[PDB]
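Enquirer: Mind looking over this structure? Questions follow.
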Amino acid sequence: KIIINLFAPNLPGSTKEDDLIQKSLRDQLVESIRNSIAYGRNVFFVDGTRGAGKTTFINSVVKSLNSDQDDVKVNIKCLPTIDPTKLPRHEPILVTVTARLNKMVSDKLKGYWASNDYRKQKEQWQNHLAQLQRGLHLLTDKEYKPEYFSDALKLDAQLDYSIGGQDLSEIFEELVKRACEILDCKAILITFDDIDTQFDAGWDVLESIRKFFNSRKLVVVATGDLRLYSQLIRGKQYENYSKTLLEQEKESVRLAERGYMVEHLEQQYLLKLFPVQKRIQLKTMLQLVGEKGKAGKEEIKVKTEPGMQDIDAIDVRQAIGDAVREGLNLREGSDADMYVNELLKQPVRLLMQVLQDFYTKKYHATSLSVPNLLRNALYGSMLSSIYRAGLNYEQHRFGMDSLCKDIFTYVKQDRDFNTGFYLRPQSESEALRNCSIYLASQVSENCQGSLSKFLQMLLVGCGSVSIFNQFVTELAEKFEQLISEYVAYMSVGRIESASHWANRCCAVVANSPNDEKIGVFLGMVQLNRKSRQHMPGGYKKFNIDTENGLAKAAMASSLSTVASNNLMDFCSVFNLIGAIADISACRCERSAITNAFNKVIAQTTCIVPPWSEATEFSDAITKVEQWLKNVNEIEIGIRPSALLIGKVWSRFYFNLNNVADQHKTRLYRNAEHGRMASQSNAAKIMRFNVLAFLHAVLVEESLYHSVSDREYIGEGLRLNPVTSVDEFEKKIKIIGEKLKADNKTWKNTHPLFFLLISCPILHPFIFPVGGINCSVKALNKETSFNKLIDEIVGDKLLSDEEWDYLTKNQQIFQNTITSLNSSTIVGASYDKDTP
Amino acid sequence: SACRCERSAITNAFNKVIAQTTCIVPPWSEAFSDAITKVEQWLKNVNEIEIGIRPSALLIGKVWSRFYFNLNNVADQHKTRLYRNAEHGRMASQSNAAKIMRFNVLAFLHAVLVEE
Ligand SMILES: Nc1ncnc2c1ncn2[C@@H]1O[C@H](COP(=O)(O)OP(=O)(O)OP(=O)(O)O)[C@@H](O)[C@H]1O
């Protein structure tokens with residue numbers, strides 16, 4: 001039963017019983033210490049990294065040994081713990097030990113009453129101390145005076161030392177023996193604190209232990225890190241090599257053999273001092289409480305509130321679980337517990353300061369933004385790792401712009417361009433591992449409570465590194481110059497708008513001239529700006545004026561042109577998504593919504609990246625204004641994570657790869673008004689580009705969104721819709737009834753998909769006139785698809801007569817695209833027809 | 001091979017291994033309801049048998065070595081046996097994609113079998 005009170009100071013000095021994390025080792029060491037005496041140098045080493053609690057451990061060992069020392073068969077007196085870092089820089093350790101030993105002895109003489117025995121054993125003690133003072137210069141001398149030879153040849157004493165000469169260890173050995181007689185103890189414990197704070201001063205501890213602490217009446221307990229003593233020992237065996245030899249034999253053959261010798265003298269210097277059978281490894285908090293399935297060797301509980309009852313105290317893994325899950329907006333499972341495990345493997349001081357800072361402000365805040373509490377808690381603890389890894393550190397500049405830059409500068413060092421945006425604690429280095437949980441808190445804090453910041457992190461944050469894992473990585477110091485150019489061109493960290501990112505993102509996927517020269521790309525299709533001959537069928541140069549209402553608005557938000565030797569023109573889904581990320585940010589006023597469609601269309605000049613060789617429109621605004629009304633009351637309960645945004649991009653990116661190549665072929669002569677799956681056109685590619693985003697959001701919303709604990713897709717193969725709709729239709733059908741079963745609505749369980757499926761900007765792209773897979777029986781799926789969508793959003797996207805025109809083989813369309821199918825894709829050969 | 005052999009978790013874990021996994025090229029590049037049921041008793045046997053598994057470092061290394069070399073021969077001898085007609089056929093002189101992957105799987109079973 002171990003309970004840690006977070007509102008207590010929780011310091012190594014101010015830690016009483018009943019909260020010792022190391023209670024199994026404290027008892028195990030003490031009995032093993034007593035066993036050694038009850039049965040030669042006797043040194044116990046308590047291993048452990050920095051912040052493990054080594055000072056707190058020995059502090060408990062002395063407390064558990066000084067109690068009932070005379071009430072047990074083997075009496076062991078303990079000196080106060082010696083801290084090698086806090087001692088005077090030049091004070092010998094033997095001086096410190098003797099000074100602390102003299103105080104213990106003198107205090108015992110003042111407890112005696114028989115003056116005959118008091119005076120008999122005080123003359124001996126003063127004689128031994130005076131003899132130690134006489135020979136103390138042997139340590140603090142830079143030369144050997146010839147007149148000291150008389151001291152070695154003096155025998156004017158009754159000691160009758162075994163070996164001749166003024167051996168200081170011999171003088172100290174009987175000094176300890178005299179002290180044991182006075183204190184009436186069978187041994188004396190010399191506890192040495194760790195040297196981790198300043199480890200160059202721990203050499204005197206090592207040399208003193210092996211020289212003067214060899215007696216059977218001395219028990220030495222020294223803690224620290226063997227990884228740190230090894231560097232101290234190795235650097236001192238190198239000082240035994242003459243400087244001239246090192247300078248004259250700098251070549252590898254003899255240099256390597258010397259290094260083999262030093263590591264082979266270091267190895268046995270540790271084995272001589274701290275024997276393996278006596279070392280004790282301090283267990284980190286993960287090894288105590290254990291995992292969910294593995295039995296917890298101990299039971300650690302945390303008092304997360306002031307005045308909390310002992311029964312009320314909650315388990316530490318649950319306490320970390322609450323902070324990690326709510327702080328990162330993350331749901332119970334492998335991903336949430338992967339962060340919790342990493343926080344447990346942290347040094348105890350670092351972990352106990354994350355919890356202390358998080359739960360102190362959490363309680364104080366109520367007297368909420370839990371992700372903000374964890375962001376500040378992790379910022380302070382992982383600050384040394386943030387500085388090392390080069391992440392943003394100023395707190396007045398925290399925001400979306402200063403976060404997407406951090407995600408790019410993190411995966412660049414992590415080298416995980418495929419899954420780095422997940423921000424999982426997987427990096428081998430501890431600095432990048434520490435930043436991963438801090439960055440995850442940053443993403444779960446900024447994007448929380450707003451849909452606009454979710455899409456900016458999706459495109460600018462997660463996307464920018466994927467648009468680097470391809471289309472920029474083939475060009476690769478040159479790599480650091482490529483990074484410098486790429487982030488300056490795309491202006492990540494200072495983006496003007498999400499749409500502005502998409503237009504630059506259009507060029508990089510365009511300034512990489514793909515094979516077959518077809519102007520069909522990942523999530524973007526090129527369209528001709530000029531008219532020529534040789535165009536069969538109804539294919540024609542794209543004209544924006546053909547579309548009406550939302551149809552004109554939807555393309556205007558999607559069209560993006562880049563200035564080059566010739567003005568390329570593109571229709572991307574990133575521009576469509578970036579437009580949504582811009583409308584959501586602004587207010588519900590009509591004036592601001594109008595500018596969103598008109599931020600890029602006719603006032604931007606997207607020069608190619610340097611790494612290249614060369615009214616009814618008011619009705620459209622009304623629908624967007626109505627949708628923005630929904631966003632401002634639904635997005636307040638959104639809980640996006642760094643995992644969800646990373647996952648949603650991953651599926652959305654994978655689909656855009658499938659639809660890119662699976663439609664690079666089906667661009668045949670009769671593809672206009674495509675009705676079979678073997679014919680595709682600009683209305684087909686863009687329909688599944690948009691439907692890819694609506695699916696990636698849909699499938700991994702229920703999978704990973706923290707608002708709904710349960711899973712509503714159920715168990716099955718989560719195939720994604722490419723050139724088809726049944727894959728999307730299968731999942732959207734089966735989700736609907738489960739919420740009715742659980743008495744939950746579509747908006748309070750999948751707020752992200754509900755908002756994006758009800759966005760009028762992408763509504764014309766869901767059912768383009770050109771893009772409809774009205775097969776003999778697949779049209780029933782789309783008929784169900786339209787019915788499901790019309791019920792999710794609450795409004796009929798297309799009227800009964802409007803739907804019949806798309807399926808059955810004039811009409812004006814104010815809600816669906818019209819001229820996209822007739823558009824001519826650059827680099828497409830319109831000579832081969834569908835067979 | 002997961003823990004607790006939970007009929008739902010085994011189903012949940014089975015859908016992960018069959019889900020399509022897409023990955024990008026490395027930077028150093030120049031370019032079933034009754035199916036889950038049959039898995040249940042397999043984990044019933046695994047949890048009551050794997051306790052006795054005593055895999056050495058040499059065992060794991062050696063089994064791979066036979067496993068690594070066999071797939072070299074399979075990818076080399078069948079590298080030219082993709083003829084025009086009847087690769088499924090009747091004899092071993094011709095090879096198809098269903099027997100390149102048959103001997104690749106059989107190589108793993110053999111390498112485990114022979115050197116265990
Ligand atoms: N038994 C314990 N109970 C409560 N908190 C503990 C305990 N052990 C360690 N801690 C926490 O971990 C921190 C580290 O303690 P400690 O000073 O012993 O570590 P150290 O870094 O190994 O030692 P040093 O201060 O000598 O460098 C403490 O300040 C405290 O916050």
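Residues in the structure tokens are numbered from 1 in each chain, the chains being A, B, ... in the order shown, and ligands are numbered from 1 in the order shown.
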Counting only C-alpha atoms, a student should be able to say which residues of chain B come within 7 Å of chain A; what is the right answer, written as number ranges by chain?
Expert: B: 12, 15, 19, 22, 27
Enquirer: When the cut-off is 6 Å and you count only C-alpha atoms and all ligand atoms, which residues lie near ligand 1, shown as an MDAnalysis selection string?
Expert: chainID A and resid 10:12 15 19:21 50:56 194 196:197 348:349 352
Enquirer: I'd like the interatomic distance between atom CA of residue A:360 and atom CA of residue A:325, to a tenth of an Å.
Expert: 17.6 Å
Enquirer: Please list as an MDAnalysis selection string every residue within 8 Å of residue B:63, counting only C-alpha atoms and excluding residues in the same chain fewer than 5 positions away.
Expert: chainID B and resid 111:112 115:116
Enquirer: If you keep C-alpha atoms, can you produce a file of those selected residues as a PDB file, in the first residue's frame?
Expert:
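Saved as result-v4.pdb:
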ATOM      1  CA  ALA B 111      13.256 -24.406 -42.392  1.00  0.00           C
ATOM      2  CA  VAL B 112      11.350 -24.472 -39.111  1.00  0.00           C
ATOM      3  CA  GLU B 115      16.481 -27.118 -38.101  1.00  0.00           C
ATOM      4  CA  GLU B 116      14.237 -27.209 -35.037  1.00  0.00           C
TER       5      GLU B 116
END
Enquirer: Among stretch 40-150 of chain A, which residues carry a DSSP assignment of strand (DSSP E or B), reported as a list in words?
Expert: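 Filtering stretch 40-150 of chain A to strand (DSSP E or B) leaves residues 43, 44, 45, 46, 47, 76, 77, 78 and 82 of chain A.
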Enquirer: Got a sec: who's within 12 Å of residue B:73, counting only C-alpha atoms, leaving out chain neighbours fewer than 4 positions off, as a VMD selection string?
Expert: chain B and resid 66 to 69 77 to 80 100 103 to 104 107
Enquirer: Please report, as a PyMOL selection string, each residue of chain B to which DSSP assigns alpha helix (DSSP H) when run on this structure's backbone.
Expert: chain B and resi 7-18+33-49+57-77+97-114
Enquirer: If you count only C-alpha atoms, which residues fall within 9 Å of residue A:671, apart from same-chain ones fewer than 6 positions away, as a list in words?
Expert: residues 678, 679, 680, 681, 770, 821, 833 and 834 of chain A
Enquirer: Would you write out those residues with N, CA and C atoms, as a PDB file, in the first residue's frame?
Expert:
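Output below, filename selection.pdb:
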ATOM      1  N   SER A 678     -15.539   1.595 -66.109  1.00  0.00           N
ATOM      2  CA  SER A 678     -14.351   1.603 -66.951  1.00  0.00           C
ATOM      3  C   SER A 678     -14.114   2.938 -67.643  1.00  0.00           C
ATOM      4  N   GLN A 679     -15.023   3.899 -67.494  1.00  0.00           N
ATOM      5  CA  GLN A 679     -14.867   5.228 -68.068  1.00  0.00           C
ATOM      6  C   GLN A 679     -14.771   6.245 -66.941  1.00  0.00           C
ATOM      7  N   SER A 680     -13.787   7.136 -67.032  1.00  0.00           N
ATOM      8  CA  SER A 680     -13.586   8.158 -66.019  1.00  0.00           C
ATOM      9  C   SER A 680     -13.179   9.465 -66.685  1.00  0.00           C
ATOM     10  N   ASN A 681     -13.379  10.557 -65.960  1.00  0.00           N
ATOM     11  CA  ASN A 681     -13.080  11.892 -66.460  1.00  0.00           C
ATOM     12  C   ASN A 681     -12.856  12.804 -65.259  1.00  0.00           C
ATOM     13  N   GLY A 770     -21.140  14.360 -64.619  1.00  0.00           N
ATOM     14  CA  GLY A 770     -20.253  13.420 -65.280  1.00  0.00           C
ATOM     15  C   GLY A 770     -19.930  12.217 -64.417  1.00  0.00           C
ATOM     16  N   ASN A 821     -17.114  17.257 -66.542  1.00  0.00           N
ATOM     17  CA  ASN A 821     -16.908  16.083 -67.386  1.00  0.00           C
ATOM     18  C   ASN A 821     -16.362  16.473 -68.754  1.00  0.00           C
ATOM     19  N   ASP A 833     -10.633   4.428 -77.301  1.00  0.00           N
ATOM     20  CA  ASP A 833     -11.961   4.426 -76.708  1.00  0.00           C
ATOM     21  C   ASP A 833     -12.132   3.214 -75.799  1.00  0.00           C
ATOM     22  N   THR A 834     -13.153   3.280 -74.953  1.00  0.00           N
ATOM     23  CA  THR A 834     -13.441   2.187 -74.035  1.00  0.00           C
ATOM     24  C   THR A 834     -13.820   0.934 -74.820  1.00  0.00           C
TER      25      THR A 834
END
Enquirer: Let me make sure I understand: among A:43, A:682, A:607, A:314, which one has the smallest atom-to-atom distance to residue A:2 if we use only C-alpha atoms?
Expert: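 Closest residue, counting only C-alpha atoms: A:314.
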Enquirer: Could you list, as a PyMOL selection string, every residue within 6 Å of residue B:87, counting only C-alpha atoms and ignoring same-chain residues fewer than 5 positions away?
Expert: chain B and resi 94-96
Enquirer: Please produce a file of those selected residues containing C-alpha atoms, as a PDB file, in the first residue's frame.
Expert:
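Written out: part_37.pdb:
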ATOM      1  CA  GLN B  94       6.438 -24.668 -65.532  1.00  0.00           C
ATOM      2  CA  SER B  95       5.663 -22.321 -62.650  1.00  0.00           C
ATOM      3  CA  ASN B  96       2.808 -19.996 -61.716  1.00  0.00           C
TER       4      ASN B  96
END
